[PDB]
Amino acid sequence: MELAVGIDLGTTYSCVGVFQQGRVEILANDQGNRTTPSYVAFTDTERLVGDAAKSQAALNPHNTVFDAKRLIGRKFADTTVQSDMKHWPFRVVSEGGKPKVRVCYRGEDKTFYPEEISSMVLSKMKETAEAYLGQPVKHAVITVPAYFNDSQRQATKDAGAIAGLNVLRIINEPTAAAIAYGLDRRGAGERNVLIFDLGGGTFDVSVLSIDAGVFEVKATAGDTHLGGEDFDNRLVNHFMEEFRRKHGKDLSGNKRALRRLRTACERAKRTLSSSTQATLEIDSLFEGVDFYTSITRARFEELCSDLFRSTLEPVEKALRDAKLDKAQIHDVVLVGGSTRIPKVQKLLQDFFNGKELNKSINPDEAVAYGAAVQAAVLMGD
């Protein structure tokens, strides 16, 4: 009766599914969400993980950790680590050439390796599954980006082990998304698959060839610093200029106000994926002044148009590297929460001369969904 789970340990949002009784169930968390921010907050009395960690970042910025995936399996001296450090409000230090994050927890100075932070997220996902299933969960498939190296892969497996999971297999995110749609189980014949994965922090284009169930990654392109959080930042800039005009103050040096604004921006952005208009409502944003306004989809689309358009160059480069024409791609699959933006879908579809996109599985859940299938395969006979 033991079920294994599939876990997407994502840069910004993680997700857990289980293959049970015909179907794959993606599990809702402590606040009812099907994805969970990869955030851990250390307070005076609690260690919070996920949504409650993210929501109290405004008030406790130095002890609220995120982006651990960006440190995992790297050295402190790496140029990408030193660059990313300038943008984080939590301290990163060096221990034996390895990054650790430094925080205050229960009034005490503590340091943790990136795999320890990631194990806390994986422990939450494990317990989330246990609450739903009403039984122990001891086995998992965990996904990683196609470009992860061996030491990044081992360090992710260790995060799993530290969380009490026996890791059945570390599989690539784009391969998991293809498995989610059964693309490796369409009989004989090679197929070429393009995975367009636009997440919260990273953009990944992968060209896969599938034959007799064997996956080969033909090409990858993208940008590790393009994702939903950049669309949030465009909205943040728009609304701080609107706050200036409406209320006569610049809030660009008040970190707390900018963080509260960022939260309200991300919500508004999500609403614009299914409505043409969204309100933005924040009590006491700055010096006790409330900020209540709205924005159209069309205006959000203008604000990010260069960013959206830029996602097509990597698609083209990847196809070039794979030595394929776009008409030779059998399947295009939407992955990542940012591919729920209607304009992003229109841009990709027009690029593929009107080809229908695989998007029936919620793009932010597709990786966990394929991992769940794969975990079931590996538990089987």
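Start at 1 with the first residue shown and count on from there.
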Tell me which stretch has the larger mean Cα B-factor in this entry, 183 to 191 or 110 to 118. 183 to 191
Out of 128 to 136 and 195 to 203, which one has CA B-factors that are higher on average in the deposited record? 128 to 136
Member of 329, 53, 344, 28 with the greatest C-alpha B factor (per the PDB record): 329
Check the PDB entry and point out which of 227, 160, 222, 97 has the largest C-alpha temperature factor. 97
According to the PDB entry, is the CA B factor of residue 37 in the bottom, middle or top third of its chain, that is, lowest, middle or highest? lowest
Chain thirds by Cα B factor, record data; residue 239 belongs to the middle
Hey, what third does residue 362 fall into on Cα B-factor, ranked over its chain? middle
Rank-wise, by C-alpha B-factor, drop residue 174 into the lowest, middle or highest third of its chain. lowest
Against its chain's modelled residues, does residue 64's Cα B factor rank lowest, middle or highest third? middle
